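Given next are the chains, with one letter for each unit.
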Amino acid sequence: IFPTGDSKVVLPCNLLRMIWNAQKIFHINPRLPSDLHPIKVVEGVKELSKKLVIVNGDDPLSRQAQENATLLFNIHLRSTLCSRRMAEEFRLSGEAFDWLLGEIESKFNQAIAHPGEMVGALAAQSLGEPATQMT
Amino acid sequence: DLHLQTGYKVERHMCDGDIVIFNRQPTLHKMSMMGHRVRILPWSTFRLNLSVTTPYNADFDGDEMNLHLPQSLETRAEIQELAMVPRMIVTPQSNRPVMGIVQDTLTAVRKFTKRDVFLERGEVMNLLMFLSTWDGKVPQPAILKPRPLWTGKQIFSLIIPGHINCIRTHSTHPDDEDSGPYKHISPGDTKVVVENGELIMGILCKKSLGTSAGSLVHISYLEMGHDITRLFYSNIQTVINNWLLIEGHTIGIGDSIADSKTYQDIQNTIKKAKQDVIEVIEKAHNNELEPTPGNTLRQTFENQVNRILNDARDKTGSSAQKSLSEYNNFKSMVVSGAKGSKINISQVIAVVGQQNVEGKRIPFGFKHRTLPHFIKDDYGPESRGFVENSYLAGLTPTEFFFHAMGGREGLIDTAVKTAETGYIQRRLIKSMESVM
Amino acid sequence: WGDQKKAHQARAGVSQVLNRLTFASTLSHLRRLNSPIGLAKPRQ
Amino acid sequence: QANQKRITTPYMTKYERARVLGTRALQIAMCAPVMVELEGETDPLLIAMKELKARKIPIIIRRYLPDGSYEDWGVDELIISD
Amino acid sequence: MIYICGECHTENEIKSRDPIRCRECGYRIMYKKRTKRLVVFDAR
Amino acid sequence: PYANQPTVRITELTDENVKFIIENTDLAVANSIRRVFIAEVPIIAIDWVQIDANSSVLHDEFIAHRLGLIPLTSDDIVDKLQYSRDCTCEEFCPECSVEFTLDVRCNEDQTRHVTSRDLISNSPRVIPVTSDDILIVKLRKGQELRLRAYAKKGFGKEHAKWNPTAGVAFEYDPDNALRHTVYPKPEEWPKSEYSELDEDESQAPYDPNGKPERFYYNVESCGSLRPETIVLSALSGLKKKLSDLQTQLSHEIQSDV
Amino acid sequence: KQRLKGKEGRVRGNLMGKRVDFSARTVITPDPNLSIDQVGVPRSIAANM
Amino acid sequence: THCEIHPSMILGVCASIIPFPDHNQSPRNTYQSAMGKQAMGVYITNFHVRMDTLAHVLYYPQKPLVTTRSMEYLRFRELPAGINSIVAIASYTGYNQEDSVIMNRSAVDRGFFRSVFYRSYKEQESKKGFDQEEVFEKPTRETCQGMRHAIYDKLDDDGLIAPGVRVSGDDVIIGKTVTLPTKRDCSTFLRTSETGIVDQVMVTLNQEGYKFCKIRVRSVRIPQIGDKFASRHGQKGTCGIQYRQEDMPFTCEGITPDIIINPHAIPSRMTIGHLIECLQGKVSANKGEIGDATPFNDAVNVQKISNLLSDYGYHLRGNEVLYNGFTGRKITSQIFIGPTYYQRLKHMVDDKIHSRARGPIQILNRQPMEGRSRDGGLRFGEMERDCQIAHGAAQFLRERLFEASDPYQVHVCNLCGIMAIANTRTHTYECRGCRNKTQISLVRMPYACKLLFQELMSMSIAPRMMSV
Amino acid sequence: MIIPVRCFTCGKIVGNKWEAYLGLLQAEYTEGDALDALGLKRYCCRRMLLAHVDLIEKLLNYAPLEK
Amino acid sequence: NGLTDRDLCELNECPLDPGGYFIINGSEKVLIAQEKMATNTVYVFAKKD
Amino acid sequence: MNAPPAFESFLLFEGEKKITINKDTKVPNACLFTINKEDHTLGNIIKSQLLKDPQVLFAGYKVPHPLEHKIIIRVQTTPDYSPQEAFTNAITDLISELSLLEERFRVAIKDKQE
RNA sequence: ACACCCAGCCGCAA
Ligand SMILES: [Zn+2]
Ligand SMILES: [Zn+2]
Ligand SMILES: [Zn+2]
Ligand SMILES: [Zn+2]
């Protein structure tokens, strides 16, 4: 999907910031070993990703559409929330992981597009404000 | 007849706490008109908040702005839940807050945030009065013995609400610091880190508090909420302005004068550039200048002259920037990012630079000469628009007239292109008005 | 500037009301030129 | 429609939040009964916001699907974004 | 009703709605004298 | 915990300028005494003017402003006359204000200079400062000026015509010792009038245990009040303001309890 | 056709963009001591409106 | 073959009064040359003899300390347009931001930039009808119809205002009543927000022989904190706040500044010539001679001015230590001080303020009228309604164009779509063309759209209201 | 127009010095020595006396409108 | 024309006024010079399109 | 036309009190003085004199707005010493301060005059 | 219980 190595990409909720918040709220120590089993992370990510709904349905067409729309956030989520990265540099705990999952669910549900929002006029105004700054 | 039974309507005067909406033509985007709260003040003007001047693209030099008062319980509520400036700090244009600290408070945060600033008890003593979200407990000072001194970073930590985590870099960040040692020490006190709502190191600037993606105010909006961000902005604009009331900011002649050694170096660089362009035009006169492939001989000659003069202006700007002292306010205004640029510093102090009209240099209005004072058939630096002097040293009338041409085209382009951008505006938004 | 009934073809902008806010403004308005243009080439 | 086969985002968005908070507060302004106990405030906006927090707003929202069929949602099953 | 003329300054009343004139100069510009009624001015 | 022990020394007591030095005093006290000098010292000045006839080219508002900002001597009776707002007298009375009568008429070829000497008062203890004289308006032949003016009591917060000082100068810590100012190039700055350094030294050495003290004043009257009684009037006004604050605070704390 | 026309006409200059009661316009002035949502209004405008 | 007579004759009338224009930026020179025409002051010496609309005159005009050799030849010395003002370039409080200024209320009370605003009106007995004539007379409460609630007792028996009296807003100022074809009050009224004083009134005969008069009303303008100000270098600014003398900073010698301009007006819009003006003004006011500031002079630069200032007992770069007005503590930085030339601009805060609340209404549009002189309302343009389309506030956008502007009720048939007649009292709703007396529906819809669709129906177009 | 009575910055008396300033200028004195002889040590009043142009002699060349 | 300072001041006319303006119905009107292409001169031009 | 008359900077009309006492709830043993119709002239004095007292933890002042002639002073002391009586002591030693300064200035004037 | 009709033009504000 991505050529030219353009690693900068826009995603709804900034994963590293919430991981750092979970580190500095529950006062965990990165020096000491943590108590967080890897499959807790595995099925936490798997059970989380089934509740990020964009295309809501049960038939395979809507399931494929939801996978297509959620794919970039899922493919970043599984990379950031990997077991080895958690065990080495994040060192989160169990209730820290549970708070992380609940609060990323809250942030993603907040960041969804609100129905009834006029996208066309907002888009024209947004794309047209830099028209007055090639002077 | 003044008895008020239930069900009547009374048209009261607009008391304080009411909700109104301000507008400034042209309304380019949805930040340009949005709701406020009414506060009743004397005199005969609208008095609005200072960092709010970046959404409405305005300046306090004669701008007159419109007011709209809703009269409905439907309308006041929907404006209170849609068009309030606390709820709409960030814009969906480029997912960055156009709500941004600007013009004075930013360059005062820069000087209040450094390591060297230290406040006595009588200074922190008054700076803690101007807060609104302060918990009422004086923090432990960073210095106790011999005398209690408070650094400004603890004060700005008291400003930062809740628990915000943020890592930005200062504008004058040395690129070699990250690769080598002292990566988390930062002897220049760059690498702004905010840890658990506590400012830890770094001097704040435009890249941290201004209208930038991932800035401190952006994270404050995305974590704490919308009301807390409004209190954050208000607390900054109170305490930083009232610290600046003591410490004071200015600009003058002493911020423009460079050293005599600096002036000698700039004159030597200008003389070397003039000698080099004389050499290349002498090579072009006797027909040894090989043309660049794909380029006209005149085109490649103009490209070589422009390259040489741009290298000269870059070198003289670098020398002028290196000659700046730490107390120079011209440097502080551009490292803070509040206003100005380093190119403006170079034009003020060292050299204004090469001046152009519609891309090319000054044309030949007369019989192949720019001015009657210069000799015919001249493509030299002074005869074609280059300004060897600076604003501080004064301009000769020829280069003054060339700068008049530059200012004239800089007025014409922004005076005629608003017809085009306003038509592009209307055309784009009339077709898109119904997409939802 | 021209006949009254031929105001469509008559050039306008001639003989403005004299500005008297400032002596400098008055001396500016006495000594003033204008172009018959309603493109940025003549403006330069 | 019935209770089943009811699809729409269950997060009550800001537009209908503003609409409900306007309409019900104007109903206080036209002397309607107030669904919540109040402690010494008179602004209809404040009590309407307080009972929107209390989630006791006695109106329902009829949402227009683009197909044409309506879909009715109340307030108490919609959850507040705030 | 009293009036004051242009140059020679004779307080020529009219009270008759005739065309304006005077028996001294007859210059046809007239001014009216400040009335005897009292007005106060703040020095602020 | 209590008040300290200030000392005063006077270096010059001429007829229109007073320089005094206040030592062993906090900075805020001296700053407030400086502020009261130009804002809250009572003085008699013209505020109510009534124009009867004005044929001058200088119209009514010019003359009203110029007469408002003419200084008036109030060396002894500024305390005796009460404020017009606090007077039980309606409108104005001689006990609450001073009446000025101005009548002048030019019938000569050369220009008549209507100065402050032509102002005539009722109380001899209030007069503009002529005992050069202040110009008001110049009149050609045949141009008259008749008016009546009333002089109230006020201080500088209402208007600048009630400001008794000419200009106050406030200096503390003359050669820089507490680093209250940071000089980028200390050799480029002239020494102060009260500096105590030689030509080689630029600034005093650092004093970490120091505190701002030894304030230098250069207060200067405008000729209305004497330059030595203005300080006494300022201190008396500050004392009466804080006594009023005492009374109001005591009333509030007995009302709450 | 000129009455129905665009700018300074009916449908663009009279109806879709129109004039409204209960509005004010005044030159604007700095104020640091107010909040972000707060704004200063002169007494004459608040009295007339 | 030829030599220049002097290099500084390049500039025009407006551009000559800017000193050190080479040290400025050309857009700022263009701006100040455009704003030099707006600088009030004395304009023509016989201003009291003349009378005309929108005339300004200032109390104390002063020739600039920093002057060029060419404004003396424009006779600018005789008729200046400003006051040399002690200016501290400082960020003192925060009310100077976005190029704004803080001024001295003590100085303003002393006549600093206080001015007089002369305005004049004129009316005629333009006789049109045989008996339809207007005569200058005091209107009686019952003999004429055009009544307001203004004070009609301020006039004399001639029908004109007495000079020297005080008039407030919405007052009769010339009393003329036209006779009905008993009479009708066609008198003129003083426009809102004036509170001026009448000064001089004349009567005369016009070109066509009948009576004709002019008045002149003057009002002093103490500078409120909205007034437009600029320097001679393109330093656009409005008055942010007026502090008293005890609140602003002050030098060691007791000098308090008049106008405080924000320091960030310098770096972006590069106006180093303003700083050079300030330095030369300090050295000229301290010396005694009037500063020579011709645009092109190699004998005058910043170094000689700096040395001349340093010889006289000040900082050689023009800085000066100021103390805080509130605290009394020394300001840590050293503020750049010195006199400079500012000007007062025509654009008034009192003339630009405007408020509207269901006032006068246009006869055609049934909408608010065209601006403050007519007591009309502000426009809410296309791009404004598009702002609500972006916001999503549909009912604010409805109230802004239908409920508050022009609400109107129409009656339309249900079988056809043509607007139908409706008698209110007798309740006989009947639609012509259908013989329908039972189906007419009330529709709330703007008067502008009704006049729109009636202009369409004048063009044989049928916009039908299919309400069903 | 006319000399103000007070300096705008401080408030030192200015109105009683214009005639003296012209008198000292007529007796072959320079502007600096004339300003020093009037006791104007501060430059704020020096610029008031120095930069003020008088217009009253231009305005008193006109016949008055009354008598 | 030809009047001195004293005759102009006696006549209630400003000596400082440069003149050069007409008076039509009491309103001061001034003619602004309007440029036009030079007569009787042969030119060359190149239209692009 | 919205210029306030100059006398409301220090006059009090009918409806407001000179001193109002608010008890702060964020921290124990705190007060919120709301001295009305003075300026920084009083507030700087109050702040300096209360910082001279050793057993006062927090005592500072600020102005909410330069237009509204109002200052607010927030005083917090130790939990054995009321802020109201701390204010009372800080004024009653200030009275002696100003009276002593007045007397010394009087005797300095008398000694300088022969 | 208010009074001033509109077109056109020009200058000017951000
Ligand atoms: Zn006569
Ligand atoms: Zn009395
Ligand atoms: Zn029908
Ligand atoms: Zn002075």
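Cut-off values and rules
- Per chain, the count goes from 1 following the written sequence and can depart from the entry's numbering; residues without coordinates do not appear at all.
- A letter from A marks each chain and a number from 1 marks each ligand, given out in the order of writing.
- Summary scope: the chains shown constitute part of a larger assembly, and all values are computed over the shown part.
- Hydrogens are left out, water is left out, and the side-chain values use all remaining heavy atoms of the structure.
- Residues with missing side-chain atoms are left out of burial classes, side-chain pairs and their counts.
- The numbering of helices and of strands both runs from the N terminus, where a helix is a DSSP run of H or I of at least 4 residues and a strand a run of E of at least 2.
- Radius of gyration: over C-alpha atoms. The globule rule applied is 2.2 Å multiplied by the number of residues raised to the 0.38 power.
- Note on contacts: a residue pair is in contact if any heavy atoms of the two residues lie within 4.5 Å.
- Only the protein chains shown count as cover for residues, and all accessible areas are computed by the Shrake-Rupley method using a 1.4 Å probe.
- Charge assignment: positive for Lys and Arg, negative for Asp and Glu; neither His nor the chain ends contribute.
- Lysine's charge is taken at NZ, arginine's at CZ, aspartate's at CG and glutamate's at CD.
- Any residue under 20% of the maximum accessible area for its type is buried, any over 50% is exposed, and the rest in between are partly exposed; the area is computed with a 1.4 Å probe on protein chains only.
- The rule for pairing is simple: two strands pair if DSSP sees at least two bridges between them.
- Every axis in this analysis is a line fitted to C-alpha atoms, fitted for helices over the stretch in contact. Angles between the N-to-C directions lie between 0 and 180 degrees.
- Each angle gets one of four labels, with under 35 degrees taken as roughly parallel, over 145 as roughly antiparallel, 65 to 115 as roughly perpendicular, and the rest as oblique.
- Here the term charged refers only to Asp, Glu, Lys and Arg, the term nonpolar to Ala, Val, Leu, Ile, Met, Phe, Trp, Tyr, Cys and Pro, and the term polar to all other amino acids, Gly among them.
- By convention, the crossing between two helices is left-handed when the near helix turns anticlockwise from the far helix through less than a right angle, and right-handed when the turn is clockwise.
- Each metal's donors comprise the N, O and S atoms found within 2.8 Å of it (within 3.2 Å for Na, K or Ca). Water is not part of the atom list, so some coordination spheres may appear incomplete.
- When four donors show all angles between 85 and 135 degrees the site is tetrahedral, when four or six donors have opposite pairs over 155 degrees and all other angles between 65 and 115 it is square planar or octahedral respectively, and in every other case it is irregular.
- What we call a nonpolar core is a set of buried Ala, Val, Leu, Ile, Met, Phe, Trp, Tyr and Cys residues that are connected through their side-chain atoms within 4.5 Å.
- Residues adjacent in sequence count toward polar contacts only when both atoms are side-chain atoms; beyond that, a polar contact is any pair of N or O atoms within 3.5 Å, and within protein one must be able to donate a hydrogen and the other to accept it.
- Salt bridges are defined as contacts in which a side-chain nitrogen from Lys or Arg sits within 4 Å of a carboxyl oxygen from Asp or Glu.
- UniProt positions are given in the numbering used here, feature names are shortened, and annotations may be inferred rather than shown by experiment.
- Within the patch definition used here, like charges are joined within 9 Å and nonpolar side chains (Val, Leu, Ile, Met, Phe, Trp, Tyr) within 5 Å, considering only residues with over 30% relative accessible area and no salt bridge.

- cryo-EM is the method the PDB entry lists for this structure, together with a resolution of 3.4 Å.

## Points about the overall build of chain K
- When helices and strands are counted, chain K shows two helices and four strands.
- In terms of C-alpha radius of gyration, chain K reaches 18 Å, well past the compact-globule figure of 13 Å for 114 residues.
- Projected onto its principal axes, the C-alpha coordinates of chain K cover approximately 60 × 50 × 20 Å.
- Taking the contacts inside chain K whose residues are at least 6 apart along the sequence as the reference set, 54% of them involve residues at least 24 apart.
- In the form shown here, chain K has an accessible surface area of approximately 5,200 Å², with 53% of it arising from carbon and sulfur atoms.
- When the 14 basic and 16 acidic side-chain charges of chain K are each reduced to a single mean position, those positions are 4 Å apart.

## Here we look at the pairing of strand β9 (residues 176-179) of chain H
Residue and element names in this part refer to chain H.
- In β9, alternate side chains face the same way, and those of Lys-176 and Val-178 on one face and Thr-177 and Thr-179 on the other are all buried.
- Direction of pairing for strand β7 (residues 134-136) relative to β9: antiparallel, over a ladder of three bridges. Residue pairing across strands places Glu-134 opposite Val-178, the latter belonging to β9.
- Across three bridges, the pairing between β9 and strand β10 (residues 183-185) is antiparallel. The partner of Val-178 across the bridge, within β10, is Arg-184.

## Focus: the packing of helix α2 (residues 105-113) of chain B against helix α11 (residues 329-336) of chain B
All names here are of chain B.
- Packing of α2 against α11 leaves a shortest axis separation of 9 Å and a crossing angle of 105°. Classed by the angle they form, the pair α2 and α11 counts as roughly perpendicular. Across from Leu-106, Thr-107 and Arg-110 in α2, the residues of α11 making contact are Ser-332, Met-333, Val-335 and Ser-336.
- Here the residues of the contact of α2 with α11 sort into three nonpolar, three polar and one charged.

## Let's talk about the sheet that holds strand β1 (residues 22-24) of chain J
- Spatially, three strands are ordered β1(C)-β2(J)-β1(J) in an open sheet, and the strand pairing comes out antiparallel. The outermost strands of the open sheet, each flanked by one partner alone, are β1 (16-17) of chain C together with β1 of chain J.
- Both β1 of chain J and strand β2 (residues 27-30) of chain J contribute to a ladder of three bridges, which runs antiparallel. Paired with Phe-22 of chain J across the strands is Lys-29 of chain J, a residue of β2 of chain J.

## Here we look at the packing of helix α1 (residues 73-82) of chain B against helix α1 (residues 14-29) of chain D
- Two numbers describe how α1 of chain B lies on α1 of chain D: the axes approach to 8 Å, and their chain directions differ by 145°. As for how α1 of chain B packs across α1 of chain D, the hand of that crossing is right-handed. Mapping the contact onto sequence places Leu-73, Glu-74, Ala-77, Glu-78, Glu-81 and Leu-82 of chain B in α1 of chain B and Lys-14, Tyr-15, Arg-17, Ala-18, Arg-19, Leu-21, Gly-22, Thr-23, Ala-25, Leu-26 and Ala-29 of chain D in α1 of chain D.
- Class assignment of the residues belonging to the contact of α1 of chain B with α1 of chain D gives a composition of nine nonpolar, two polar and six charged.

## Observations regarding the coordination of the zinc ion (ligand 1)
- Those protein atoms acting as donors to the zinc ion (ligand 1) are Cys-5 of chain E (SG) and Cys-25 of chain E (SG), and they sit at 2.3 Å. Taken together, the residues span a long stretch of sequence, with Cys-5 of chain E in the segment before β1 (30-31) and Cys-25 of chain E in the segment before β1 at a distance of 20 residues.

## A look at the coordination of the zinc ion (ligand 4)
Residue and element names in this part refer to chain I.
- The zinc ion (ligand 4) binds to the protein through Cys-7 (SG), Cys-10 (SG), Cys-44 (SG) and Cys-45 (SG); the donor distances cover 2.3 Å.
- Around the zinc ion (ligand 4), the four donor atoms sit at angles spanning 107 to 112°, and that spread fits a shape best called tetrahedral.
- If you list the donors of the zinc ion (ligand 4) from N- to C-terminus, the spacing comes out as C-x2-C-x33-C-C. Within this pair, whereas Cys-10 is found in the segment before α1 (18-26), its partner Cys-45 is found in helix α3 (residues 43-50), the two being separated by 35 residues in sequence.
- A relative accessible area of 1% means that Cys-45 is categorised as buried.

## Here's the deal with the side chain of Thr-177 of chain H
Residues and elements named next belong to chain H.
- As for its position among the elements, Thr-177 is in strand β9.
- Taking the relative accessible area as the measure of exposure, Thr-177 reaches 2% and is therefore buried.
- Residues in contact with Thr-177, not counting those within four places in the same chain, are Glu-133, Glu-134, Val-135, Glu-137, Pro-139, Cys-144, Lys-183, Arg-184, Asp-185, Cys-186 and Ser-187.

## Comments concerning the nonpolar core
- Core analysis: the biggest nonpolar cluster contains 160 residues, and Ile-253 of chain B together with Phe-100 and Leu-147 of chain F have the highest contact counts within it.
- Take this core: its biggest share by element is seven residues, from helix α4 (residues 272-287) of chain H.
- Membership of the second largest hydrophobic core comes to 67 residues, among which are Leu-48, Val-194, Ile-236 and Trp-243 of chain B.

## A short note on the environment of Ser-221 of chain F
Residue and element names in this part refer to chain F.
- Its location among the elements puts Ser-221 in the loop between β11 (219-220) and α3 (229-256).
- Looking at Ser-221, the relative accessible area reads 4%, which means it is buried.
- Separated by 43 residues in sequence, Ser-221 and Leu-178 have C-alpha atoms that sit 31 Å apart.
- Of the polar contacts made by the side chain of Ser-221, one reaches the backbone oxygen of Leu-225; its length is 3.3 Å.

## A word on the pattern of salt bridges
All names here are of chain F.
- On inspection of all chains with the given rule, the structure shows 103 salt bridges over all chains.
- For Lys-19, the salt bridge goes to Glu-193, with nearest N and O atoms at 3.4 Å.
- Using a relative accessible area of 58% as the deciding quantity, one classes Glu-193 as exposed.
- Salt-bridge contacts for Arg-146 lead to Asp-52; the nearest nitrogen and oxygen are separated by 3.1 Å.
- Its relative accessible area of 26% is what places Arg-146 among the partly exposed residues.

## Remarks on the UniProt feature "binding site: Zn(2+) 2" (unreviewed entry) in chain E
Residues and elements named next belong to chain E.
- The sites that UniProt annotates as "binding site: Zn(2+) 2" (unreviewed entry) are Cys-5 and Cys-25. The greatest C-alpha distance among the annotated residues, which extend across 21 residues, is 8.9 Å, indicating that they converge on a single site.
- Looking at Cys-25, the relative accessible area reads 39%, which means it is partly exposed.

## Notes on a negative patch on the surface
- Together, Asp-198, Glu-199, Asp-200 and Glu-201 of chain F give the surface a local cluster of negative charge.
- With respect to the helices and strands, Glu-201 of chain F occurs in the loop between β9 (170-172) and β10 (215-217).

## Structural notes on the UniProt feature "binding site: Zn(2+) 3" (unreviewed entry) in chain E
All names here are of chain E.
- UniProt feature "binding site: Zn(2+) 3" (unreviewed entry): in the numbering of this structure it lies at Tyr-27.
- Structurally, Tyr-27 is set in the segment before β1.
- By relative accessible area, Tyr-27 is classed as partly exposed at 41%.
- Once residues lying within four places of it in the same chain are set aside, the contact partners of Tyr-27 are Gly-6 and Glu-7.

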